[PDB]
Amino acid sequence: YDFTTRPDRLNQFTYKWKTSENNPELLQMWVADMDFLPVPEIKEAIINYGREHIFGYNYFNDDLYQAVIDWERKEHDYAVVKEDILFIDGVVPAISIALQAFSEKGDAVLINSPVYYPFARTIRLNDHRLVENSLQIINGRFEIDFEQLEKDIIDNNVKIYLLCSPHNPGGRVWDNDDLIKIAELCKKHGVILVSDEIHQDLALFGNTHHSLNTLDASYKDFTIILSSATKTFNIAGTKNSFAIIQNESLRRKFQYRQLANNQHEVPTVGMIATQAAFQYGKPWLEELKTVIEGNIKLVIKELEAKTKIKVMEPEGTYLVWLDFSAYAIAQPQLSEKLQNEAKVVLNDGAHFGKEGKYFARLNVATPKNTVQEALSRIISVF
């Protein structure tokens, strides 16, 4: 597979490279999609959709379900059946549905901050009290203060825990013990646990993603799993993802809200791409991990040697959380300095929470040579 060609996406109206369209020298290393050529079989499947299909309505076929079932079993040791699997155009839509189906207006929803901005956004826009349990940085990785976490849950009468696993940013691939503690807190306090495991295929460095409901047969009583092929295989634009809800009561609640919002449908290209990704993508994924790891090592080595930036080594995901505290330039001025001076665009760390004021996130799902150029630019400034 080809992980060296950085596709020219400047004329493809991409979110990632939009601001580079009239400024080609500007490197984009922010939003989480990849600058690699597509998985060959996925590309082939989408082309064949164009070549062969009438572009009308389609149903979710058995092969698509089977692809997800097989993926979940083989890649994550999670045995699910067809009825457990709900397709939805995206994980964040699924989060909206979960908030709306599993809690009442005003109910507190907890997240671990800093985290993927759409978490906080979606909680706020849905009239929920947002509870941000601040993660601690200990020995270069995020850790949960479980004493505070339980306090946050009790003090705020938290009804839903929106979990990011692996956690973005930071790339924390929670240990089994972490996840068990989380789940036990939810069980103890009658909290519904929504596990956003969209990065579940991107555990690196010998780390193992533990899908929440695989840990204990009781967890499915209050836990739903959200994931997708889109982060793993760079097919976000195809708009298909899945929720796995083994608890029938929770599942029907989710389905009702999904139908109420008319989010029960997804584009056929998303059915096709997800199926192709899971059916054929494993070998590509394995090579991707190697490339991503190589890129991360480059970031750590160069930034740690030539710079005062503190690098949080991802345990997973292809996104690197960078601590620019030493330079005392807060966001958004920090990201502006990176874009304007370094000519590299990183995510504004403040978007993920107050904790990210002096942080930026670097997307290394792009060829090594591009990561190298980005690093040299950053170093030339910082």
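Start at 1 with the first residue shown and count on from there.
When the C-alpha B-factors of 275-283 and 121-129 are averaged, 121-129 comes out higher. When the two stretches 185-193 and 206-214 are set side by side, the higher mean Cα temperature factor goes to 185-193. Across the residues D84, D89, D145, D77, the deposited record lists the maximum Cα B factor for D145.
Highest C-alpha temperature factor among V291, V173, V158, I235 per the entry: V158. Among the modelled residues of its chain, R51 has a C-alpha B-factor that falls in the middle third, as given in the PDB entry. In the deposited entry, the Cα temperature factor of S113 places it in the middle third of its chain's modelled residues. Among all modelled residues in its chain, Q339 ranks in the highest third by Cα B-factor.
When the modelled residues of the chain are ordered by their C-alpha B factor, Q333 lands in the highest third. Among the modelled residues of its chain, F324 has a C-alpha B-factor that falls in the highest third, as given in the PDB entry.
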